[PDB]
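Q: What shape does this take:
(2 chains, ligands or ions: 4)
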Amino acid sequence: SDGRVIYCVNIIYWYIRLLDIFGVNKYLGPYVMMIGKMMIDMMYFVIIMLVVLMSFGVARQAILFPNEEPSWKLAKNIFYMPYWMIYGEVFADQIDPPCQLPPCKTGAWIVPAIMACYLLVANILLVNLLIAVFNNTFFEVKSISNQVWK
Amino acid sequence: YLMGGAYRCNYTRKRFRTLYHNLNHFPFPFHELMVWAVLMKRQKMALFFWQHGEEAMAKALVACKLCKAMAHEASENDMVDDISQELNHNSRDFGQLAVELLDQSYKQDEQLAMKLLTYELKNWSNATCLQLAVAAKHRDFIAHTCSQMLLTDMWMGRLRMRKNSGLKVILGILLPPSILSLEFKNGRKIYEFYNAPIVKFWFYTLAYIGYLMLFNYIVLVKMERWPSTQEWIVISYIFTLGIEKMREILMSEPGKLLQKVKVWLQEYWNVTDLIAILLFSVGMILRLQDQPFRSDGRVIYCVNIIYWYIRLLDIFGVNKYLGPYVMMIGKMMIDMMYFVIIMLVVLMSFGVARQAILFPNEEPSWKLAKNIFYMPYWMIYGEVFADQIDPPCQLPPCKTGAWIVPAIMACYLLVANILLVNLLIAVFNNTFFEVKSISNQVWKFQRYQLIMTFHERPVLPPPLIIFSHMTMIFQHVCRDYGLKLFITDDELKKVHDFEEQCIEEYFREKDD
Ligand SMILES: CCCCCCCC(=O)OC[C@H](COP(=O)(O)O[C@@H]1[C@H](O)[C@H](O)[C@@H](OP(=O)(O)O)[C@H](OP(=O)(O)O)[C@H]1O)OC(=O)CCCCCCC
Ligand SMILES: COCC(CCO[C@H]1CC[C@@]2(C)C(=CC[C@H]3[C@@H]4C[C@@H]5O[C@]6(CC[C@@H](C)CO6)[C@@H](C)[C@@H]5[C@@]4(C)CC[C@@H]32)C1)COC
Ligand SMILES: COCC(CCO[C@H]1CC[C@@]2(C)C(=CC[C@H]3[C@@H]4C[C@@H]5O[C@]6(CC[C@@H](C)CO6)[C@@H](C)[C@@H]5[C@@]4(C)CC[C@@H]32)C1)COC
Ligand code: NA
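A: Numbering: from 1, shown residues only, chains lettered A, B, ... in the order given. Ligands and ions are numbered 1, 2, ... in the order given. You can find the structure just below:
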């Protein structure tokens, strides 16, 4: 089973290596080089989003669940839900549940406000600024990629 | 009064007062003549006097600062407003002269250009050209290549590792035996290693990372009746940071207690740090109580961990590519907040309409103010539903006019997700070049303040800075480099000859 999992991980690289074959086409090589440079730009703009996501996740996890023993599942809830939240999977019962009715945690009304601010920052500010960065640095990258491919 | 707080003119010194009370000549007459021409607002005379005599760059920077101060004073006292424009033009002319002279000097000889920017000026209240340019807020001077190289040399300290820095500093600060395998510039090696600004910065950065780690640990796990070891370490970090802030307030430039506070509450980071420290103090006080106040203190701790996570961008602002991006974020925040008002108007209209249409038998309760903002705000972030909004009304009775909600939602989604956000994308796109250039210039200007404020700090980080605070009291009862550069008379003469050669070459090249 471990060797099969190694095979399943390894098939991804042999799928990605089709771009090397694609680099012979006149129009598909420069695009791949532009992708290669925009990857560096994307990482530089992804560090800040990681910081904001970690802040929001730690705040929500600490507010909602105040009686947790130290376990490695605490390191999973910080990254998982805030990362899936910014890709359109915004929920209203999974985060800030409607607390017959269960007791309401202390300070549980701050989570929707923090989520609102976090969504506004992540989906309206950083991604639009990254779009502007990709847009205003495209001509030089295109020319350099064409020259390098030729 | 026109120059600044720390400036001291030669006229008010005791030697000149004694020489003037019983009434000679001046060693440098063109300095006083140019100051007179600047104060009397005679630009042609000042330009003529600037190119005669020594210390041309210092004279240009001093004239720029004086003209800017006079322009501000004239605009303050409701002058004809043409005098202010003329003074601003004079300041711009002198600043451009200083920049061009610096460019010519750096293009001719680099080492003498760097020596020209750091040597102490006896005639100008003992201040270097860098301090004169910074006090005049001259961003095009500090952003020049020579100034940036000089700042890099000042930031590296007494080290020579330029091929790959950062990693070696970390490896020598985590393995103190690894320090001795480092090249230096012409027992004491450890002292020179631990007093460099970059080593202090990395020490502070590692301490802040550890503090953030402990702060994250103390809030996720269950909080007991009395603080654990990590909580005590976090409280000690906060207390020592507050003491350091008070020390920085007390050791400021002015001699008045209420004026140092006003000049310290200028950067927004200081104000936010003060607010966060007060909030953490309140939360710590409420934590050492019974269960509900303990829960309130824990909530305050969560808000504080939000702030202390956000404060990592200040640390990130040292990287060459991560600072200008943060400043661009700061300006695009203003643009986004300008568009948010229109977004909010549309959202409130849709929310009120839907809430009033669907539920017509509601008593006045504060939950009515929640259903207006909540659901329409989550709707534009991809959580569009069809049963929770406009429910399919065995089957429940249909409310009057319940068919208008899907049409209003369609129009609202079309306006919010296709029009306003695309217009905001266009606004961010078409105003990016100027913001990028301004952010680069501002970051290259603020590098000097970063280097100076890490040069003045103690060696030990805030977790264990309480030792460095105690030793200051012991020295209380009892700058070779980093700020200035003291030279003999022969080197001073050589620098003066180099500067006059540079200005003559500059004028000849301009005429040609
Ligand atoms: C807490 C994280 C904070 C990190 C950010 C806050 C601290 C921070 O800023 O780090 C960056 C720091 C400075 O960069 P560093 O000096 O080592 O090296 C620079 C880098 O090589 C650039 O590519 C060069 O620009 P260019 O293209 O050749 O022209 C630049 O040349 P120059 O022109 O300037 O001479 C080089 O200086 O070192 C790191 O890169 C990785 C450190 C890993 C530390 C992370 C592991 C703890
Ligand atoms: C299931 O049972 C597990 C048990 C062992 C439990 O040990 C615990 C020790 C503390 C530890 C390692 C654990 C979970 C959360 C862990 C946090 C996640 C935080 O993340 C980081 C995330 C990123 C950082 C920037 C911030 O902090 C840590 C400071 C933080 C962190 C790594 C502190 C360490 C915590 C596990 C098994 O043994 C019998
Ligand atoms: C749970 O029981 C609560 C009860 C007290 C009930 O008092 C009610 C008095 C009217 C009041 C304050 C209440 C709920 C909706 C409130 C509206 C929300 C609107 O929003 C605003 C939103 C933004 C504005 C631009 C438009 O209007 C208000 C005009 C509107 C507003 C603030 C008017 C005031 C309303 C509460 C407890 O006491 C025993
Ligand atoms: Na979506």
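
Q: Any residue of stretch A:75-85 touching ligand 2?
A: Yes: applying Cβ under 6 Å from any ligand atom, one finds stretch A:75-85 touching ligand 2 at residue A:75. Bear in mind the C-beta positions are built from the backbone N, C-alpha and C, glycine included.

Q: Measure how far that stretch is from the centre of its chain, please.
A: 10 Å (Cα atoms, centre = their mean, to the nearest Å).

Q: contacting residues around that stretch?
A: The contact list for stretch A:75-85, computed with Cβ atoms under 8 Å, 6 or more residues apart in numbering or on different chains, reads A:53-54, A:56-58, A:60-61, A:91, A:94-95, A:115, A:118-119.

Q: Could you say which of these is surrounded by the most neighbours?
A: residue A:56 (26 neighbours; other Cβ atoms under 10 Å in any protein chain shown).

Q: Same question for stretch A:134-147: list its buried residues.
A: Within stretch A:134-147, the residues that count as buried by 16 or more other Cβ atoms under 10 Å in any protein chain shown are A:134, A:141, A:145.

Q: got those residues as TSV, with distance to ligand 3 and secondary structure columns?
A: What follows is the buried residues of stretch A:134-147, written out as TSV (distance: Cβ to the nearest ligand atom, whole Å; DSSP: H, G, I helix; E, B strand; the rest coil):
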residue	distance to ligand 3	secondary structure
A:134	38	helix
A:141	47	helix
A:145	52	helix
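
Q: now, among the residues you listed, which is nearest to ligand 2?
A: Distance to ligand 2 across the buried residues of stretch A:134-147 (Cβ to the nearest ligand atom) is lowest for residue A:134, with 28.3 Å.

Q: so who does the closest one touch?
A: Per Cβ under 8 Å, 6+ apart, neighbours of residue A:134: A:38, A:41.

Q: Distance of it relative to residue A:43?
A: For residue A:134, the distance to residue A:43 equals 13 Å [Cβ to Cβ, to the nearest Å].

Q: In chain A, what residue comes closest to ligand 1?
A: residue A:47 (8.8 Å).

Q: Centre of the chain to stretch A:38-50, how far?
A: 10 Å.

Q: neighbouring contacts of it?
A: By Cβ under 8 Å, 6+ apart, stretch A:38-50 touches A:86, A:122, A:126, A:129-130, A:133-134, A:137, A:141, B:313, B:316, B:321-322, B:325-326, B:329.

Q: same thing but at 6 Å, please
A: Stretch A:38-50 has contacts (Cβ atoms under 6 Å, 6 or more residues apart in numbering or on different chains) with A:126, A:130, B:321.

Q: mind listing what the second one touches?
A: Each residue near residue A:130 by Cβ under 6 Å, 6+ apart is listed here: residue A:45.

Q: hmm, the host helix or strand of it touching ligand 4?
A: Element membership for residue A:130 (DSSP states H and E) is helix A:127-136. No: judged by Cβ under 5 Å from the ion, helix A:127-136 stays clear of ligand 4, getting no closer than 12.5 Å.

Q: Report the angle between that helix and helix B:433-455.
A: Counting by axes from the mean of the first three to the mean of the last three Cα atoms, to 10 degrees, helix A:127-136 lies at 110 degrees to helix B:433-455.
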